[PDB]
Amino acid sequence: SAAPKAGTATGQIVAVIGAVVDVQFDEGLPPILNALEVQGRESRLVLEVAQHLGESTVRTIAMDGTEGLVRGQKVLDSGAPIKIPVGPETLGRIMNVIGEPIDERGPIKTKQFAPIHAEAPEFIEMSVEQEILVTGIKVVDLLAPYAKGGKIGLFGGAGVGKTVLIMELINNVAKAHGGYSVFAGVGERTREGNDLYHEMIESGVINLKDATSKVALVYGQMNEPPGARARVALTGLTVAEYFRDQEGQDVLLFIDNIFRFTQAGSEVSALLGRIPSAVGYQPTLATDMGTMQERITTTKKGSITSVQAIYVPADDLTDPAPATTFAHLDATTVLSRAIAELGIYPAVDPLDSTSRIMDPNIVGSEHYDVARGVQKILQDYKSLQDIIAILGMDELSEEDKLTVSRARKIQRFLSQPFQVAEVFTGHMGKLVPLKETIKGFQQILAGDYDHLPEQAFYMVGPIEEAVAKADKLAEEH
Amino acid sequence: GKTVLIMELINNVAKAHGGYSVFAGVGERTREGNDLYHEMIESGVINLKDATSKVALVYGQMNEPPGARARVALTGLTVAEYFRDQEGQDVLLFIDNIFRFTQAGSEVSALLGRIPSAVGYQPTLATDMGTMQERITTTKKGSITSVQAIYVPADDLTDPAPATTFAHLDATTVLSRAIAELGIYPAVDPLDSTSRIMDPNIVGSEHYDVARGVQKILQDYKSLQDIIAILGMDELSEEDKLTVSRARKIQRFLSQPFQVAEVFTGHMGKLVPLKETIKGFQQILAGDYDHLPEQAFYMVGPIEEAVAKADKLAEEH
Amino acid sequence: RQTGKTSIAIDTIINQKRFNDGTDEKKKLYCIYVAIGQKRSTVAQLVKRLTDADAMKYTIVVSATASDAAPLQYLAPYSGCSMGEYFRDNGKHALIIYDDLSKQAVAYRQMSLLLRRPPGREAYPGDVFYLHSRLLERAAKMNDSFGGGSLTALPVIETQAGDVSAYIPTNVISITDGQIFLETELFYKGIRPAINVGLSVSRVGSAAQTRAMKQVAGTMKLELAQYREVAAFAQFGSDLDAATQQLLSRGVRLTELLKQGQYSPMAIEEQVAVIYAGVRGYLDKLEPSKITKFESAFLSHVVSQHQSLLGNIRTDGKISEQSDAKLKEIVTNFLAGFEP
Amino acid sequence: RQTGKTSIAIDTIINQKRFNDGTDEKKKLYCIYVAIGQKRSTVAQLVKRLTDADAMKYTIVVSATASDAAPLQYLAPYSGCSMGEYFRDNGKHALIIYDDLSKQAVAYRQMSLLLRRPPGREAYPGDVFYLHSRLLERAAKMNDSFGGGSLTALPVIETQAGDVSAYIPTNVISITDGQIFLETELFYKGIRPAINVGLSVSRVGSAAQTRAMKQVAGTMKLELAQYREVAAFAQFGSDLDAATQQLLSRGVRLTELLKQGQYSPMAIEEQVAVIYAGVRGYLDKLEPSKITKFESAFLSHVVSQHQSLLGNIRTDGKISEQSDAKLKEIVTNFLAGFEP
Amino acid sequence: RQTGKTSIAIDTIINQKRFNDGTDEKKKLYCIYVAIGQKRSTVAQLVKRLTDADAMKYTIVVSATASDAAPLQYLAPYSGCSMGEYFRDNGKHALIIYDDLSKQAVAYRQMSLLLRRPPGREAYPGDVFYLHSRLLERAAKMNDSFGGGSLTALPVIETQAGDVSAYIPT
Amino acid sequence: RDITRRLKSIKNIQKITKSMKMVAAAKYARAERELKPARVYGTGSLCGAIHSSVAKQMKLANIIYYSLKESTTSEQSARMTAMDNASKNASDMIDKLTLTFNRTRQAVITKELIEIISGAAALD
Ligand SMILES: Nc1ncnc2c1ncn2[C@@H]1O[C@H](COP(=O)(O)OP(=O)(O)OP(=O)(O)O)[C@@H](O)[C@H]1O
Ligand SMILES: Nc1ncnc2c1ncn2[C@@H]1O[C@H](COP(=O)(O)OP(=O)(O)OP(=O)(O)O)[C@@H](O)[C@H]1O
Ligand SMILES: Nc1ncnc2c1ncn2[C@@H]1O[C@H](COP(=O)(O)OP(=O)(O)OP(=O)(O)O)[C@@H](O)[C@H]1O
Ligand SMILES: Nc1ncnc2c1ncn2[C@@H]1O[C@H](COP(=O)(O)OP(=O)(O)O)[C@@H](O)[C@H]1O
Ligand SMILES: Nc1ncnc2c1ncn2[C@@H]1O[C@H](COP(=O)(O)OP(=O)(O)O)[C@@H](O)[C@H]1O
Ligand SMILES: [Mg+2]
Ligand SMILES: [Mg+2]
Ligand SMILES: [Mg+2]
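Residue numbers (PDB author numbering), protein chains in the order written: chain B, 1 to 477; chain B', 161 to 477; chain A, 171 to 510; chain A', 171 to 510; chain A'', 171 to 340; chain G, 1 to 45, 74 to 87, 206 to 270. A prime marks a further copy of an entry chain.
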């Protein structure tokens, strides 16, 4: 309802220091998490309360520039978390980290607005039902599978996958899928955020005319302070929710980096009066990546086939950032920079890309066996490639020299370039939902078909092309 | 290197040079500071009698607190200045370690009520190595052909100490400890020794080309020495086996022992202002002359000595 | 991550099935599955899954799932410890699974830092020891004069890329007796559970392994210990000890049997059936691969025409001189069971 | 250090020469060269140098040179950003060079620590992101409905020995679109500019590279991507794919042309002259080295007897079917131009 | 650890035997063996051992052995330095062995941290230099015009596995 | 920084060895096409370590060519193992040193970070 007591819910800013504005209320102390309203402004300055410091004073985490703020400025107490307009009347449109229309097409006329801080689905809300969902992407689909209400997560540092694969999945998914779609870009580029808009126009997905828009655009990025990159992923989540719950539909949700919910803490913790930790971080990263990620899940009212992305600071998986997150992704894909060199794209690596839906009952006995066998051969492969033979193959032991043909070709078959990379060489955006994955790949490991001039089968996956390439690049006389 | 090369340069320079000279020893040994005095007496440079002294000695070292090692380099700098400005002359200036201006902060920051940083340091190292080093420079009134030295804590170039300083040195020479083993002296390394005056217009097209080619061959050399062949040379690929003769001899030609190391083996203090650098070194890379029994050309640079050494240590029958 | 730490604990708990309604009340087991960190749906995957085998009927499960503020994720282990202690103080016994003490590790440092208790190593509050010592030290064996009860506790730990010696792991492996290492590095190769002999031990010694394993398994683990060398050496062997091939041959063949993996536990007298056959070099020489066919079929073969043998275990409690002869007469047949 | 980060930026700015007095006003460019850290004489080496080519006539240069207290070295980038924004908000466009954001990195942590704002990683004040994000995010493309203007910004960064993933670099490469890597490790080899394909990208895609490069360069970069393998493999190749030699041959020969380096820019239609000849395997086979003689002479050869060809680029705006024939008839002659 | 740092220093001191009763008084040497950290029985292994060769007869030995609060382990080197300085200021000469400056390194950071003087690298109080510079800088050669005396000082240092470039060793 | 050097060597060994690995089979192709008719009934009726066992046993186009023809492969086999056996064992080093890099990459980052706050957080 948002209404205070019969006393001032107005607080006079007592201290501004970067992304933190301490406020002091004399007749109405406003709760942790409450979205506040800076008066004296020339725009919208909501400061989210964060602590209750005493001496009748809160401590808010500022949602936008704190520029020109003044020690004494009146802060307005609303009476509820930052609540965004949730509904159909916000699809196709673009919303910033508060519910303000950023795509410029004016007011978001809505029946109501949901709070961005809500109690997650309880334990008897959950649903074990793990129904499959094909993406038609070699490793990403066959190797480490996905699933309805599942959780995707890609792991690479700066530019190796993530945004690209999120657009890729958008292709193989976002375009064709019942129900709606959401995309909360957190932290990342404004460029991609714009193109993505326009691409979503050029392809209908976002239609400015009729009312045939299935996606919703919640944004909060880089040119902004941390208090906004912190909650943006929340709004794009407060969005997928209402579509599932109050409008029982199987939404999806694209978060261009969900751990941007953490950089926000790496920028607001210590400046809130906290004692640092892992690399500096916060005594919270856990509950954080926790409390939030424990929202984009299914329930006995609807499903959320969410999709996220997690950055890899200093190229260190050893960072409690991509790591702590692992335990949330119902599919893994740690893309190697050391792989990018090799061209192998997507850079999904043959070890650190797990899953919680890869049993012979859903993915397959044959397929999961060859997967195991792919990685098996791949493991002793990782060793042989260096250990024993020492770089240079050939040597002896055709058993592993077999690996040099099998595993090698395997890496290739899995290096699906796909549509999203069209801007570098306009190459055959290979895909196809399984279909003829049978026979082809199976052949390799057993030895069937495998033997064609190594790199002759590099930039293509489907075995059929081996002979269909042998003509392109031949050898004999 | 450092102190030694500062004395070396003192030889090849300090002795003969118009204008004056200054030596601000910061932090470093008092021993060297004394000898240096006396050596500067034995050789005239410092004359206690007449008035024929071109150098000035500003000192502030080790047995002292940090607040003095901090400003000593400043005084030896407040010194070179007045000689250039108010007395328009082309001074020089020897700072036995200029980053001693930083250890001073590593010893006075936090105890001044500051919040630490890189390794502990200070929220200032930057402006520090800055503000000061932005003094020993020329001007429309005079020049300061300065010379400094920067330490490498924990043998880590990765320390924001030798590093932050790089952006100030109009010539680089990161001497390798891993080089000292190899004897290669001075220990100036074939990669981390840049410059802002190495264009074919001033240093030379031929020379800068062979330099590039020296390091070129040296790079794939750094790899081959281990990668591919695996330590043991020979193997195959005479292309790089050529490198094992060229680059190797090159390292030697550049390992100029010079005068300042006279106290270890009284060896031929090789030097000479370019002169016959032509032909000699050029030969190696192209293949001309190169082939003489590897280490037969180790403790000497000028190619002439290869045959002039072949007699010292021969091989055949 | 994703190595099998919970399947194992989910099979170790599932096994107590038969006993929680069988005869020998002392030969029973109540379980207290604790979850620390986990998404509340991963926990509902287990509650339901266990419920499918009726396991949940004789188990208590508790959760400190992400939503839960760090303290819940902290008080939880110390809660389940007090669950089993009913049993460890009442004759009865329990199997408690502390799911992710490391996740509690991530979740402990929080509560203190915020309390402003000077941090130590990687944030962990100084008493990181007293955190995972103080606990485990409660799952103790009980003497008849005190109860005869018990509480076995397997603390689950997150291995970062393979390092088992990290602060917290050291902390936890410097207490617990016996650490089963699960290696993602192996897994997919088929080498599951994937336990690194050498960087793991039972510690308590032969005491646990009944006369059965002390008759068979006695060789198994240490056979592989030094074998880590020859297994990583044979790949480049030549003019050496010709016949040495034996000690290596006892590895590859055995491997296909030592790789347990399924939603079903094999009773101890069944373990005595298949694995035992291996230690007593009978299968060996045969070209492997089809070995799994044995460890699966042999069982059906047993209950189909060999229900006595297992019973000898329930009579004498070891492999019989007679039964050895019989099992011998069954595995030998399998050599030529696929041999023309 | 000393890899070419400023020569490149000094040539990229120098190139705007012809346009800042030419016809097409939209085909122009104003530059805002910012300097952060640098000795004020290195900056006077540039102001004067640029002045020599008259470049300074159409450029604004600003300095935050060492003397300047850390804040100046901090406010400077945010100052030049507002310089170009005049142009990015007035139809006009700009090329801003932020010289050493990393040096601002070294210079940022200062101002805060002294303010007693709890340090984070390697001193950097927590908002190290918002420091180099908040900025770059201002050099944006402008739509006709908003202006059609622009502001291209190349932030310069200090590579410590080769690591591009260090805190700050990650911070800065996790934003910017396209990162040209300059490797000291290569440099002297002749391999200058020395750009590490694989650990660098244009990111924005083929959009930038006009029909010209999309006709030629389309192969160039990715040709080298995987080539990182065969280039680092051919050194020990033997009984393999005989003819494979082709894919390697397209590297060595091409190399001597791909190594740009001089105080002078080659107009896009000239780039179309020499480099194009390579992608269309014509020079190839000839023993290299003298290739540089081509990339230098070919030009004199062009303006001496081939002023038309380039114009076709100024007419059609791509390599012509006709012009290809002609250039073909000129490069082929060069095969035997030094061949007896 | 266990490499010979003390045998060497125990032989270098033992050698002065013949001269401490020989002819040429200038060709003599008084020793000041300092011990920093060491168990007081390792020190009694030396006092007695040296005593066996009569070495102790022409030597002064001092101890800052473990029991001793960190400050003793800190003031000790600066104590023996003043022992020899009698000789380095009186014609006579001395050989001072500072046994474990690194152990004083371990023992220095203590006194300060407790004083709440902001720590720097690996705890070492910022002036870790002025700690081992300020000292050594006292063992100097003396000119005839000033005395002709001397004081040679060999500071003993703990090598961790082989790294000689660690903070303190640098 | 440190392991980089240790990681450089390996990568340097790759190019030469790993490439020759392909040649390891290549040499075979350039032999059998002509060797076969002369073998069996057509007539009658690093660098591994293969080129060694034969030589240590000392304690006219006929045999001299027939033997060499079969020995050619016997000798070249050195490369096969040298680029296979010597790479399979060596490559393991890459993944090790790499994972170790990320160990003391994180370490330093979480080592010096301690110092920075070791002073910062406690004052007045
Ligand atoms: N017996 C088995 N053999 C082969 N694969 C198995 C076996 N048991 C489980 N798996 C599968 O392998 C993975 C391991 O189990 P689980 O996912 O719980 O591992 P974990 O190490 O506990 O990690 P996490 O639960 O965080 O993913 C799962 O996908 C699981 O279903
Ligand atoms: N095109 C070129 N080809 C070869 N060498 C060049 C070229 N341009 C410049 N150099 C020289 O190589 C070095 C690189 O330029 P510059 O010195 O500005 O590099 P940087 O990476 O910006 O580093 P810093 O300015 O701090 O030295 C200089 O000495 C420069 O004059
Ligand atoms: N001259 C020698 N030759 C061989 N071994 C020696 C010699 N002198 C001593 N040793 C023995 O080797 C070890 C080295 O001496 P010492 O124990 O003092 O070494 P250290 O480096 O000072 O270390 P620490 O005293 O802490 O053990 C001792 O056990 C010592 O008695
Ligand atoms: N599908 C792809 N195929 C090949 N290379 C790709 C692909 N996607 C991205 N890349 C490479 O990665 C670089 C940037 O990584 P990208 O995936 O776009 O980063 P992110 O998605 O994290 O924003 C590209 O500019 C290109 O070299
Ligand atoms: N010109 C030289 N030639 C060979 N070795 C040298 C030379 N100068 C110094 N060294 C070696 O370096 C050691 C000390 O380094 P030095 O250059 O004197 O240190 P710094 O100059 O930093 O004070 C010497 O004692 C010797 O082994
Ligand atoms: Mg688990
Ligand atoms: Mg520069
Ligand atoms: Mg000793």
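We treat Cβ as the ideally placed atom computed from N, Cα and C, and that holds for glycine.
For the segment 397 to 410 of chain A', the set of residues with a beta-carbon nearer than 9 Å to any beta-carbon of chain G comprises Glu399, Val400, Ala401, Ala402, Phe403, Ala404, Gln405, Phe406, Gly407, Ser408, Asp409 and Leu410, in chain order. B/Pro322 counts as buried, since no fewer than 16 other beta carbons sit within 10 angstroms of its beta carbon. Within the segment 308 to 343 of chain A', the runs of beta strand (DSSP E) at least 3 residues long that lie entirely inside it are, in chain order, 322 to 325. Not a single unbroken stretch of the alpha helix (DSSP H) spanning 4 or more residues falls wholly within the segment 450 to 474 of chain A. Put simply, of B/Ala230, B/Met167 and B/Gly92 the residue whose alpha carbon is nearest the alpha carbon of B/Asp288 is B/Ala230.
Nearest CB-CB separation between G/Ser264 and chain A'': below the 8 Å threshold. Neighbours of G/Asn231 in chain B', taken as residues whose beta carbon is under 7 Å from its own, are absent, since the nearest beta carbon is some 13 Å off.
Taking 8 Å as the threshold, the shortest C-beta distance from A/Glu292 to chain G falls below it.
The C-beta distance from A'/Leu453 to A'/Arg420 rounds to 11 Å, too long to meet the 8 Å contact threshold. Between ligand 7 and A'/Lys209, a heavy atom-to-CB distance of less than 7 Å is absent.
Against chain G, the beta carbon of B/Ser397 has neighbours under 8 Å at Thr227, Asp230, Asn231 and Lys234, listed in chain order. Counting every other CB atom within 10 Å of its CB across the protein chains shown gives B/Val374 a total of 16 or more, marking it as buried. Not a single C-beta of chain B is nearer than 8 Å to the C-beta of G/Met86. The closest heavy atom of ligand 3 lies less than 7 Å from the beta carbon of A''/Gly174. Here DSSP, grouped into helix, strand and coil, assigns B/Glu48 to strand. B/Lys469 and G/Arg225 have their C-alpha atoms spaced approximately 29 Å apart.
In chain order, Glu292 make up the part of chain A whose C-beta sits under 7 Å from the C-beta of G/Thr256. For A''/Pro295, there are no C-beta contacts with chain G under 8 Å, since the nearest C-beta of that chain is about 11 Å from it.
The C-beta of G/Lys21 has 16 or more other C-beta atoms within 10 Å across all chains shown, which makes the residue buried. Minimum Cα-Cα distance from B'/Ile166 among the listed residues B'/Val279, B'/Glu294, B'/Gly273 and B'/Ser306 corresponds to B'/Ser306.
Using beta-carbon distances, A/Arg423 does not count as an interface residue toward chain B, since no partner is under 8 Å. In the DSSP assignment, A'/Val501 falls within the alpha helix (DSSP H) that extends over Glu491 to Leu505. Neighbourhood of A'/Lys209 in chain B', by CB distance below 8 Å: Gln293, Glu294, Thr297, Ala327 and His328, in chain order. Contact annotation, B/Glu48 with B/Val420: C-beta distance approximately 36 Å; criterion of less than 8 Å not satisfied. Set against 7 Å, the gap from the CB of A/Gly431 to the closest heavy atom of ligand 1 is smaller.
The DSSP-derived three-state label of A/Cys251 is helix.
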